[PDB]
Every structure is written in structure tokens, then in C-alpha cells.
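To start, the structure itself, in C-alpha cells.
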Amino acid sequence: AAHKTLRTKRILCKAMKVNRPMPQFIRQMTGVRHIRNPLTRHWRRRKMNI
Amino acid sequence: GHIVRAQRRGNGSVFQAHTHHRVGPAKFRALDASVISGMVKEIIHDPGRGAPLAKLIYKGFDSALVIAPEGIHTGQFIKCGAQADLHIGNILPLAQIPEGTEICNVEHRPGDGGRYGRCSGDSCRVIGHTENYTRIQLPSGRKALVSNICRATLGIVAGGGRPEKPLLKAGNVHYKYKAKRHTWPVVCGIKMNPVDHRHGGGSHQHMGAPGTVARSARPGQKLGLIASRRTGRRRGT
Amino acid sequence: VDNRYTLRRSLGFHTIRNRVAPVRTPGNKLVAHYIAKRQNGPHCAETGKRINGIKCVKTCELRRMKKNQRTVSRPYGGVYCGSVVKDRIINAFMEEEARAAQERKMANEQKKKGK
Amino acid sequence: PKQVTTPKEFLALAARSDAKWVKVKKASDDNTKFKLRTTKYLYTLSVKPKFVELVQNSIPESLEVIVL
Amino acid sequence: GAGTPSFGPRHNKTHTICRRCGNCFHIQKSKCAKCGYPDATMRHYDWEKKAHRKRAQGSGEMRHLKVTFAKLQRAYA
RNA sequence: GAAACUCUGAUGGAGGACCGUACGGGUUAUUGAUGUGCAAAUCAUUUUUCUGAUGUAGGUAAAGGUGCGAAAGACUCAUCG
RNA sequence: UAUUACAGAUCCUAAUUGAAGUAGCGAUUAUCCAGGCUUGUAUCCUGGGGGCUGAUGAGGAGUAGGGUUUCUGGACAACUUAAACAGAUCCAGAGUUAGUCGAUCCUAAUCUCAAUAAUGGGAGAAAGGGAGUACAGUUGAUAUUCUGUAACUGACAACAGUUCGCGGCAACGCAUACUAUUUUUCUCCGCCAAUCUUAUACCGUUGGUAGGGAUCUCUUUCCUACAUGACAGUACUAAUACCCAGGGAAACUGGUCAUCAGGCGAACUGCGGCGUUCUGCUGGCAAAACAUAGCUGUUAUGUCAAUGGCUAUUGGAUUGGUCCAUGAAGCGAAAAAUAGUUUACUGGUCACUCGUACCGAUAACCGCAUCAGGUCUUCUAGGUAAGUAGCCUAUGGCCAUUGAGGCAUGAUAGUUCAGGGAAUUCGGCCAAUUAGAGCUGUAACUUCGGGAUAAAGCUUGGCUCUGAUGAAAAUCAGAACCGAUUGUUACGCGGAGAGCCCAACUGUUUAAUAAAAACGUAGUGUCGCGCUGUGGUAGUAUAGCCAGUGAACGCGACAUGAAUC
RNA sequence: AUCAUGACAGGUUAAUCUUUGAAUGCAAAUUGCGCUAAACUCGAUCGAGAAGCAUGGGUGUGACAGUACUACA
């Protein structure tokens, strides 16, 4: 960046909208506990390698 | 052992000719049946080759990068053909020319391009006319039957006496082989370890083995003096 | 004062196309303005000299100019300058005149056999 | 943005059916500038206060005139 | 020498995303190391029988193929 | 000065000339500091080079009994007889 | 009937001790006082001191890479070697606007298919080529992208008005088509050195007016401000290049910093021709922007006049030197010639696609990490000085760094040490001395170029003047007088000489114990081969690749290693 | 949504079937660069979308090339 391609930009979009906390209502629905979002990361710690 | 620097020139990755600024392949026009006049548009210098080239125009204008005899000038009229007269410039077949005279860029086969006697300050001499095969002496000493129909430029090639002046500095030879190809600088075989070269190894630097090898000797093994029917100081003869 | 100024275009390096000059704005602010390229313009074949009566601008913006200012009026107007055209007239006359007089000569010489 | 010397040539440029407005504007040395807008260019006309009164009348009636 | 200081100028990318694999497509050599694109056949060897069955059928959706298993249950039961 | 030429001063700006800058290229010495490091090769002072056989970037070529090597068995992703 | 009994295998996996509240909390300028917000701040913010960075800056901006780190609001379980309301952390939302900047289009090194009824097609550069944009304003984050204002380029349409080729002896000027072929030009090209000159910055002599700072005394003072974009025009001043008309040159003349130029036509004259630069005057343009003064959004005045650079950088001009080195291609554009077909020229609509935030090492990249490492480039102020050195300071950015108290010993980085002066030690290792400039003065030996800054002496400040050279506000020389004999004052800057060995020399080398006498080199020599060949490579396709866009003054194979004898 | 005009996490079959991939209009680290008789569908004769267009080989159909063979001129 800048000067990213479009299909590069498509991946970086999907990588940041997927990065969030898990919703509250799944724990209320299924009753499971201790499920983490796997595709959470931090930009500084883990690099994507894409 | 490893593969030796003599063998590694074949595979041809870094050992290719540096052919970027070279202006074109130096040859005659194709044969195509008398006499045809041709103006020297200009004489230019191409990299690698020590001789000049002279770009002719056989006006359409058909071009031909012919290698340059000495005493050619710009807007001289060169005359390729049989019935063209003798000047330094003109391109005659070997039927027509007198014996005992110096010629340049002589062809082996007719209609070829030009083969023997091309580098700066060289010339094939003509011995004598048999019948079909005009016998000529090449710059080395060797003598060659060549057919009378095939063509040759008249006179000696330009740029003569370039090795008369030595190159004082390693830098001058760096710029010499930049135009040509990578083959320099040379590390000597004794200096290298045994795996790298045949002559290498030992506590004290020395060759050890006879250092003079057959035509039958293999790739990897042909290093040093190949099939040397004499050695040492060529005193007389 | 601080009179230092950024490059505006996103190319960083100092190539021939990316060259700048500092300029005062209306607003008292120094700023990069980019240099358009130099043009040599039409030299001649033979000798290699500058012809007169034409600007060295780009040949693309030479099209936008008037057909007047693209050329010089003579035969071989753009390509050849003046004295080289004089020489071409003199040679191409007397090459053809000698060849025409050769046809007069070979007409006149062969008539001596009849008389 | 070109300048135009002659007051006669200005009135030829005014009556082209290109021009959207003229702007009257006071200047230094007690002059004034009539800035004719065209689609391509902006034709300015500097004048002295002798012939200032006549030129405004000269301008076509249809064209809008914005005073400053 | 060969450690921390020489890690500094490591900014170029040897491999790039591959179209068929989507994973290690060699830019200079232009081949997907993992799948062999663009060779028409897809890369696998019997020495990597472990790594192959991560890629091979079953791993993905099987949209057309799962309904053709399900027919053959009904016909023989 | 008989001549062939050669004395003085300026002009000129040649050279893999010299001194010497750097967030340049190298890495001599203190066998200094550190050695539970800032660092799986660093830091300080000193030293070498600085228009070139120069440095450097991107693209591109050469692949494992091969490659490449101004040659140390060097280097080929902290790995190499 | 068996996956059947454990203390050991530097055993395997999982958890946990002592050491131990110990080692240690580094590197980076420096913190202090009063307020604000709070249960709670040296730390988060405000104000005021004191400091640092000191134009290759922790300044303003970009490639490659990272990928939301950008912005606003709320939050402190954890992290940011203590603290924390702070944060590049956590949570919730929001943000990247283009016909003109890039990509797209062209080819380079190079790679890959196809045909051989062929003479190629395609890929390959966000630093090469490449048509066209500027200013001002605005947001919490976007701007050459948005708004306002002014340009410009291309393509596709009709339509209105002009026009059916002339000027100059000449250089050339002015209003003229299209298709094709061929030819030429622009695009278009190494490195180094010198002179001249716009623009920008900076320093200057002359004044001036606006505001602010300073004041025991002195200073008609000190600081800030004094500005105009792309684009379009046509005056005469005056340049150098080149060409034209007249002119017709040795008593050779003209000319540069330098080489030089001329009967293949010099000086010289034309209110010559033409290209590129220049000065002035406008348009754009004061309506904007900025600074004062006053009124509640806007009204006032003002942004002025003169003229140098011995300073630097950039663009350009005029030239020279250097090479066994001669320093891209293609798309595209115009011109000309020769055919043929002809009337032409000037003056509404639309402009697709994708990138655009922020960092760019100083905590946003690579090193497992907010690592004293490493990694390409850009704009570059004043003084001192030869200076892009070191040292100090405006603009800009900052206090990055746990605090409170002690000070013996020791480690480490530093100044200084009576008398002696290498006695220390494997060894003058280390440190000290020397040093800049001006004027003297310089040996043996030498390949006559060097040695040489050889060595060895002297002078250097401050203040008041005088003179010379320039245009010139600069720089150089000389003399008085002055006091702690001292002065390249800090900062920065060789200790030197005399023998012997090795390698001639500039250069290269064991990334991470060896930079050397090793490697290299020029120079010298030997051997092979005249293309159906020679030295390789390559592998089943009778594939074609390297030297070879080559030809013995060459290509390949070795050995010695400048010169002298 | 309830004695049905039939709830939905049920199970089949058929539609619809984004960018890709053998990937196939030519390419590709690019949302790059093409082509088309009618019909289709909006769009008001003429634009656009929709849908077409790969290589290799088989049988048929057509066209071109040849001083290849032969007859009649």
C-alpha cells in the first residue's frame, strides 16, 4: 500500500471485517461457552502472510 | 570433484556475449546474379569488434553492414561485381583479382557473408589461380582452396595496430571485456584446491602431474597444453 | 521562516520525468511545480545542423499548431537546409544533363559512319 | 485569459451567442475592466474613464451584467 | 553478519497468491509450488500421502458430489 | 641562439594521484565495553576507502554431486569438504 | 485372557519448589513550579520557567513492505521493566471522491506458444518511454481527486461564416486536404571538467510603514511582514548559436576563462532571417490571500521605492576533454519526395475501468518483542570555517527516560599528576607530543614522474588606521598602539626520522576468531583450431543450446606475475 | 398457521446457479484487451445488455491451392 491491486484489496477487506469479538447471542442460543473467533488477530503481533 | 571453469562455459548462463549495443551482423549482401554501385552512407564503430563497419546503400535503399577496409571514406562509391575495376573498397570475385595482393573479408562458400580475414589489420594474400579454386594464404600461415565465383573486399582491414599499445591498468581490461563477454579475471589452476582444478592442491604450489594431455582426454581432464607437439622457447624455425 | 516543500506526485525518486522547481504561490507558500521535458527539435540529414523557422516543441503539440509553423516553404522544406538542397539541384541537373548529352553524343557519333 | 485592446473587437466577441456574462470591475489608476466570459476564454478589456460610459451602453442588452 | 543485520533488507516477496490453489505461486518461475498451476494436472505425489488428503476431495464443499453419494444409499439398502 | 631549439612567468586542468566529509562502502587496533548482551556477531574510541576494477535499487538469468566463485573449500534464506 | 505391577533410561508429558523479595528495572536532552480533570498524576491536558533536537534533525513527505496502525467517542482485566484518568492497547462506530497524479498503452534484459502456404502473436517496468491542471477554500479523518474560479487534451457529431495561393534578392514569412509507398527527423540517450545566466533560498548596501518584544543606564534599536499560480499575449531593449544579402582580407585580422576561426569566404554593415534564453509591460489579478484598526458577519486603510551579490542549489546555454569503454528499444507523432484522388479552414456533447486513509523505522517494515541491529529516496535556514566537518541558535518537533535518599569501596567512561622518561612489557600495547594557515627552507636515493606536508625554523590576538586590485558592499598587503609572551585560544587538524623482509602499484578475500606475504592485475611466454572445425553443454525429439550479431591484431587452454639486469 | 387456501431446521427432484478452476474469445501479481447473420430484451432507423466465439481429432458440407495424373479442345 498504497498502489494495492483490487484482489489484494479484497483480501485486506475480508481480513478486517472478520476481525472482531464473537457475538453474545450464540452463547445464549447454544449454551456452549469458551468459543473464540479463530480469525481474530492483531496487526503488530501476527502477520497475515497474504 | 566439482565441475571445472573450462566445462562451465558450455552451460552458458553468465558466459554469454554482451550483445546489446552491437549494431548488427557484419556481412555482404546476397549474391543475386553485371556490376552494382553502392554509396558509403557512414562508417561506424560497434562494440567488441576492433574493426570499424561501413554501412553501404545500394539504392528504395537496400542496406548492408560491410566490414571496412582502410582508406574508405564517406560518400565513396563502392562497386560490387565482376567487371568492377581495382580500387580499395570494391568487392570482386576471386576470378578477377590479380595474385600476390592483400584482400579482406573473403568468403568460404559463395553467397555466404564473409569468413576469413575479418579482424583489424589483417588480410588474406592470394597465391595463384588453379582453375576453379583460387588458392589463398590466410593470416596465420595456412593455405586454402576457395572457389573463384565467391567474393572478397579489396585491401587491408581498418584499425590496424591496436595491440601495439599496452593497457597499463586492470581497469582498461575491465572495460575491454564489458563489451565482449565475461571471461576475466582468470584465477590460475595451481592456486585453486584439488577439487576445483586438476593442478590444485599440495602443501607447496606446484603442478605435479605432467601438465600436457591428449586429444582423447575427457571433459574435466583437458586442462593445460592440449596435444602439444612442441613445448618451450620456439628458437628459430 | 521554513521554506521546505514536499513532492506532490507519489513517485519518490529523482528521475528525468520527476524533476521540480520551487515557485511562490499567491498565498505566500513555496510549492513543487514539475518541469516539462526539453526538446531538441528537427535537425537535418546530411551535416546534422538545426534547421531554422520551426520551434522545438513536442511533435504531438506540433500537430496542434498551424500548418504554416510546422514547415519551411521550399521543396525538401523540413528535412534539408538550404545549401544541401542547392547541391541536390546542381548534381541532379548535371547528372541528368550529362546523361541527356550522352544520348545526344551517341546519336551524333554514330551518324559519322553513314556520311 | 486573453486581453483585447480595441473596444470595437470586444463588441464582436460579445454578440457570438457563446457569452454568459460580462463583469464590470473598478481598477488601479481609476480604470475599469470589462471581463467578457466565453466558454473557452475570459476576454478582458482595460479602458480609461473617458470612454467608460459609452461602452456599457454598447454592450448587448440580452447579456447579463454583474457589477462589483 | 549472517544473522540479525542481514535480515534487514527482506522486503521483496518470493511467492504470491495462486489462482487455482489460493494458498506460494512463484513469481519469477510462475508456478504454484503446492498445486503445480498452471500445469493442467494437479500436483500430488505418493510420498506426500498425508499432505495430499488435506487438499483432495472431502475437504471442500462437494456440492455436486454429495448428492451422487446419497442416490447410491437409496438404491442399495 | 648562426642554427637545431631551450631558459623565465602565466594559461590550462590530465591522473584506476593525494588529504577529507556521510544514516556511503569496508572492519585494523584497544585482543576496551558487553559476554544472565540492546544484539543467536552489538556498542564506544581508533582505523581504511571515498569518480572509481565504485556503491546501490528494482526487474531478470544460472539449482544440489549441480550453480556461482579477483579461489577463503568461500557462498547458495541464522544450515555447506 | 492380557497394551498386567517402576525410583532411575542427560527417559516422555503435565504441574511445582529452593535459589529469592535476591540478581536486576538498561539505552535515549533534564527537569521544576502553580492550576485544570479526578477516589487517585512528576506521568493526562493548560500556563510559566530551565533544557534538548540544532536542516543526512525523533521536522515535512514518498517507493518496497505492513494493512486499518488513520479519525472521533467511551474504557483500564491485561500489555506499554514503577504509576496511569494516557496510549500504535481494549470496545463501538466512522473514513480513502480524479478525462489531466499513477495503473491501463509501448517495448528492454528475459520468458513462452505458433507457423514453415510461414517472416509472427502474447507476456515482461506503479523509478525507462508516455497527450493533458493550476491556484484559493473546506473536514473530526479525503484532496493536484470535493466546492469556487481559471485553463488544457482527446474522441464523436452536425452547423454557421470565410476560402478556392500569395509575399521576401535570400535566410524565411503567411489561411489550407486525403490514401499509399519509400526516406528522414523528433521521442533519443555515457562519464568528467570549465565559463555565462533565469528561478528559488540566503547575505547585502539605500530608505519606509504596519504591529509586537526590550529599557536602572545605553540602543532614531530588535523581531515578524513587504507576496502573485498553471495558462495566454507582443513590445523594443541584448545576448549567444546557425544561416542569408552586400563586403573581398599578410603591415594577417577577429575571438575565448581555455582550445581557436577564416578565399569551401574573415573583419564589418543590415532598424537581415531564425531558434533558445533575458529585461520591461500587461491579461490571470485582487474579487482571492495575508497583516494591522474598529464594529456585529462585514467596513476601512496597507502589502511601497531603489539595486548589488566575489554565496549556494536547480533549470538552461556555450564549449572542451576522455575510451583496445563510443554509452537502449518500441509504440506513437510530424515532415518530405514520388504517384493518384482532391476544395479547405476557423468557430456543441462526452470522457469508462482500478489505486488514493496512515507509518516509511524515531514503537507502525525485516530481526519471536514497542530489539542501541539492518533496509531505497526526496525538500534542506543563520553564525563560526575551505566546508553537506565539529560547535551554537530561530522555524518545526520534543522532556522518548520509575521515583525518594546516600556517596566509603569497586567496575566503567573521563580531566590532572612533583622528579625521572620505556627502567614496565613477549612488544612504546596504550596514551601523550605533533597539527590549520602565511612566509622561509627542503637531504640521500630515483624507473627523473617522485621522495615532499621530507626534515628544520619562524609568524598568528585585540583595537585605531593606511594603501593596492576589481563594478563590486570582497580579499591582500603594510604600520601604529594595547596587556598575564598569549593567540589553528573552545571546536576540528600528521608525532617524525634511519635500517631490513615480503608483495610492484589502485583493487579482492575466510558474513560470525585469520585482511595477509594469500587472490587479482598489467607485462612476458607456451600450446590447440581455418567452421562439414575447436572448447563445452544437452538428452531421445535426427531437440538445438554457449563461445558466435564471432574468424588468428581472433576464440579457447595453461604458467609466470610492473620496470631494470 | 390449525378438521387445512397445510406450520417448518423435515426428505427428494427441478429451477435459479456470483468470481474462479480441465477453464475453453486473447491474457493475467491487470477486475486489462477484443469479436458477432438473425432472434432475444430493455432502449426513442441506431446504441446497449443478454447469449455466443478455445485447442485436438471424427463424419458430412463448402471453398481455395498445384507446370500431380488424364481426356476433349
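Please note that chains go A, B, ... in the order of the C-alpha cells, that every chain numbers its residues from 1, and that ligands are numbered from 1 in the order shown.
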With only C-alpha atoms (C1' of nucleotides) as the counted atoms, please give the residues lying no more than 10 Å from residue E:19, apart from itself and same-chain residues fewer than 5 positions off, as a PDB file with C-alpha atoms (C1' of nucleotides), in the first residue's frame.
ATOM      1  CA  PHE E  25       2.895 -19.249  -6.560  1.00  0.00           C
ATOM      2  CA  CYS E  32       2.335 -22.823  -7.786  1.00  0.00           C
ATOM      3  CA  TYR E  37      -0.519 -24.406 -11.653  1.00  0.00           C
ATOM      4  CA  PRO E  38      -0.569 -23.823 -14.442  1.00  0.00           C
TER       5      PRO E  38
ATOM      6  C1'   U H  20     -12.890 -18.941 -10.419  1.00  0.00           C
ATOM      7  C1'   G H  21     -10.930 -23.743 -11.676  1.00  0.00           C
TER       8        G H  21
END
Inset, instruction - Quick one: pick out all alpha helix (DSSP H) residues within chain D from a backbone DSSP run and write them as a PyMOL selection string. - result: chain D and resi 7-14+52-58
Inset, instruction - Within chain E, find each residue whose DSSP state, derived from the backbone, is strand (DSSP E or B), and express the selection as a ChimeraX atom specification. - result: /E:15-16,25-26,32
So that I have them on file, write out the residues from the current selection with N, CA and C atoms, as a tab-separated table (two decimals), in the first residue's frame.
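Result went into selection.tsv, see below:
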chain	number	residue	atom	x	y	z
E	15	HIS	N	6.95	-15.49	-3.20
E	15	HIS	CA	5.72	-16.18	-3.58
E	15	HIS	C	4.51	-15.28	-3.46
E	16	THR	N	3.54	-15.48	-4.34
E	16	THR	CA	2.33	-14.67	-4.34
E	16	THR	C	1.10	-15.57	-4.37
E	25	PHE	N	2.86	-19.20	-5.12
E	25	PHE	CA	2.89	-19.25	-6.56
E	25	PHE	C	4.19	-18.51	-6.78
E	26	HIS	N	5.13	-19.09	-7.52
E	26	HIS	CA	6.42	-18.45	-7.71
E	26	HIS	C	6.36	-17.37	-8.76
E	32	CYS	N	2.82	-22.69	-9.14
E	32	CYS	CA	2.33	-22.82	-7.79
E	32	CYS	C	3.07	-24.02	-7.24
Legend entry - Close residues, residue G:447 itself excluded, 12 Å, only C-alpha atoms (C1' of nucleotides), min 6 positions apart in chain, as a VMD selection string: chain G and resid 504 562 to 564
Inset, instruction - Fewer than 3 positions away in the same chain doesn't count, so skip those; otherwise give me all residues within 7 Å of residue C:69, counting only C-alpha atoms (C1' of nucleotides), as a PyMOL selection string. - result: chain C and resi 54+65-66
Please produce a file of the residues just selected, as a tab-separated table (two decimals), in the first residue's frame, where the atoms kept are N, CA and C atoms.
chain	number	residue	atom	x	y	z
C	54	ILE	N	11.27	26.87	-37.25
C	54	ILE	CA	10.38	25.94	-36.55
C	54	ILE	C	10.80	25.82	-35.07
C	65	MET	N	-0.48	23.12	-33.40
C	65	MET	CA	-0.10	24.37	-34.08
C	65	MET	C	-0.57	24.40	-35.53
C	66	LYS	N	-0.49	25.58	-36.14
C	66	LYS	CA	-0.93	25.80	-37.52
C	66	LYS	C	0.01	25.12	-38.52
Inset, instruction - Would you list the contacts of stretch 196-211 of chain B as a PyMOL selection string, taking every protein, DNA or RNA residue within 10 Å and counting only C-alpha atoms (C1' of nucleotides), but skipping same-chain residues closer than 5 positions in sequence? - result: (chain B and resi 1-6+188-191+220-226) or (chain F and resi 71+73) or (chain G and resi 558-559)
Inset, instruction - Could you give me, as a ChimeraX atom specification, the residues within 7 Å of stretch 28-41 of chain A, counting only C-alpha atoms (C1' of nucleotides) and dropping anything in the same chain fewer than 5 positions from it? - result: /A:18-22,46
Inset, instruction - Find the spatial neighbours of stretch 178-186 of chain B, counting only C-alpha atoms (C1' of nucleotides), within a cut-off of 10 Å - ignore same-chain residues fewer than 6 positions away - and output them as a ChimeraX atom specification. - result: /B:5,9,14-22,46-49,170 /F:53,70 /G:325,520-521,547
Could you take the residues named above and write them with C-alpha atoms (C1' of nucleotides), as a PDB file, in the first residue's frame?
ATOM      1  CA  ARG B   5      35.549 -23.481 -15.107  1.00  0.00           C
ATOM      2  CA  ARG B   9      31.419 -22.110 -20.150  1.00  0.00           C
ATOM      3  CA  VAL B  14      26.857 -15.797 -17.292  1.00  0.00           C
ATOM      4  CA  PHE B  15      29.268 -16.749 -20.127  1.00  0.00           C
ATOM      5  CA  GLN B  16      27.158 -15.258 -22.954  1.00  0.00           C
ATOM      6  CA  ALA B  17      28.153 -12.470 -25.339  1.00  0.00           C
ATOM      7  CA  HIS B  18      27.150  -8.961 -24.248  1.00  0.00           C
ATOM      8  CA  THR B  19      25.273  -8.312 -27.457  1.00  0.00           C
ATOM      9  CA  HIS B  20      23.055  -5.324 -26.593  1.00  0.00           C
ATOM     10  CA  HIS B  21      24.816  -2.300 -28.117  1.00  0.00           C
ATOM     11  CA  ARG B  22      26.116  -4.315 -31.121  1.00  0.00           C
ATOM     12  CA  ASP B  46      30.352  -1.265 -32.980  1.00  0.00           C
ATOM     13  CA  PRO B  47      31.388  -2.536 -29.504  1.00  0.00           C
ATOM     14  CA  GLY B  48      33.502  -5.690 -29.054  1.00  0.00           C
ATOM     15  CA  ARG B  49      34.852  -5.704 -32.619  1.00  0.00           C
ATOM     16  CA  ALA B 170      43.388  -3.576 -14.901  1.00  0.00           C
TER      17      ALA B 170
ATOM     18  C1'   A F  53      38.209  -2.959 -11.327  1.00  0.00           C
ATOM     19  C1'   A F  70      39.606 -11.222  -8.349  1.00  0.00           C
TER      20        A F  70
ATOM     21  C1'   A G 325      34.911   1.575 -22.961  1.00  0.00           C
ATOM     22  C1'   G G 520      43.938 -10.294  -8.580  1.00  0.00           C
ATOM     23  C1'   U G 521      46.276  -7.376 -12.221  1.00  0.00           C
ATOM     24  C1'   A G 547      31.658 -19.038 -27.100  1.00  0.00           C
TER      25        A G 547
END
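One finds atom CA of residue B:11 at 16.5 Å from atom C1' of residue F:65.
You can rank G:44, G:172, G:514, G:324 by their closest distance to chain B using only C-alpha atoms (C1' of nucleotides), and at the top of that list sits G:324.
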Legend entry - Selected residue of minimal separation from residue A:49 among A:12, A:1, A:6, A:26, counting only C-alpha atoms: A:12
Inset, instruction - Counting only C-alpha atoms (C1' of nucleotides), collect the residues of chain C whose closest atom lies at most 7 Å from chain G, and write them out as a PyMOL selection string. - result: chain C and resi 1-2+4-7+9-13+15+22-23+25-28+41-43+45+52-53+55+59-60+63+76-79
Inset, instruction - Kindly provide, as JSON, numbers by chain, the residues of chain F having any atom no farther than 12 Å from an atom of chain E, counting only C-alpha atoms (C1' of nucleotides). - result: {"F": [27, 39, 40, 41, 42, 57, 58, 59, 60, 61, 75, 77, 78, 79]}
Under the rule of at most 7 Å, produce a per-residue listing of chain G near chain A: chain, number, name, the closest pair of atoms, and the distance in Å, as a Markdown table, using only C-alpha atoms (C1' of nucleotides).
| residue | atom | partner | partner_atom | distance |
| --- | --- | --- | --- | --- |
| G:67 | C1' | A:12 | CA | 6.5 |
| G:126 | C1' | A:3 | CA | 6.6 |
| G:354 | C1' | A:6 | CA | 6.8 |
| G:355 | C1' | A:3 | CA | 4.8 |
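The coordinates place atom CA of residue A:7 at 10.6 Å from atom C1' of residue H:19.
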